[PDB]
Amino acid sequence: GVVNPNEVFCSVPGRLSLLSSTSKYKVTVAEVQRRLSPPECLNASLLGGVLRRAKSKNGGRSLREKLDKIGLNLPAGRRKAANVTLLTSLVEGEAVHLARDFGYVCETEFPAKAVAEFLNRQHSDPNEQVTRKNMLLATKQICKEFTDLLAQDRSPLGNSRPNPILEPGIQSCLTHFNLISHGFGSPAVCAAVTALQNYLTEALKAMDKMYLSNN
């Protein structure tokens, strides 16, 4: 079901779409309150760029009035954050979409098999093959435990506030990374670790099949 329109602040065209490939992203009031709250505390001018609004006369005043109507208070004098990154420009829907597409290219285009063959060839002495296999297996297990923790993150995103399944200490730390990255961070880290995991799988498989590979 549709997000209640009363909980939607505006809709924002994606910055990274070619040829109208995506519908405008809905920006919830919850998302706006995340941007205005610690740790970023964006001001009217930075939030206007995130929402991709025209810089018109009294644009700041008109945005701060819109925020007052929904109960958010943004002081006119609030300091301009200097620790902004390229990720700060994103609305949460686009940030998550960008992480999903990163996941997609790491799964479908990253050359895990060629990388495995190259790195197996750098450590190809008979006397190191048992150690290399155990190191590859341990790396797979430690990486999976790490991505399994990130997958248990229940940071608020869009209009959802799911019940946390992690203890409040580690959840607040993961939420910090969610808020500075606009939701890109944990999923993009998991996307990259799939490329690593595919390399490790292909590396163990090429060791297993070494005889049939040389024929």
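Residue numbers run from 1 along the displayed sequence.
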- [ ] Select between 55-63 and 185-193 the stretch whose C-alpha atoms have the higher average B-factor in the entry.
- [x] 55-63
Task: Between 77-85 and 108-116 (mean CA B-factor, as deposited), the higher - done: 77-85
Task: Top residue by Cα temperature factor, when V32, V50, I70, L149 are compared in the entry - done: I70
Task: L157 CA temperature factor, ranked by third within the chain - done: highest
Task: Cα B factor band for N178 (lowest, middle or highest third within the chain) - done: lowest
Open item on the list: What third of the chain does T201 rank in for C-alpha temperature factor, lowest, middle or highest?
Closed with: middle
Task: B-factor third for the C-alpha atom of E128 within its chain - done: highest
Task: Cα B factor band for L212 (lowest, middle or highest third within the chain) - done: highest
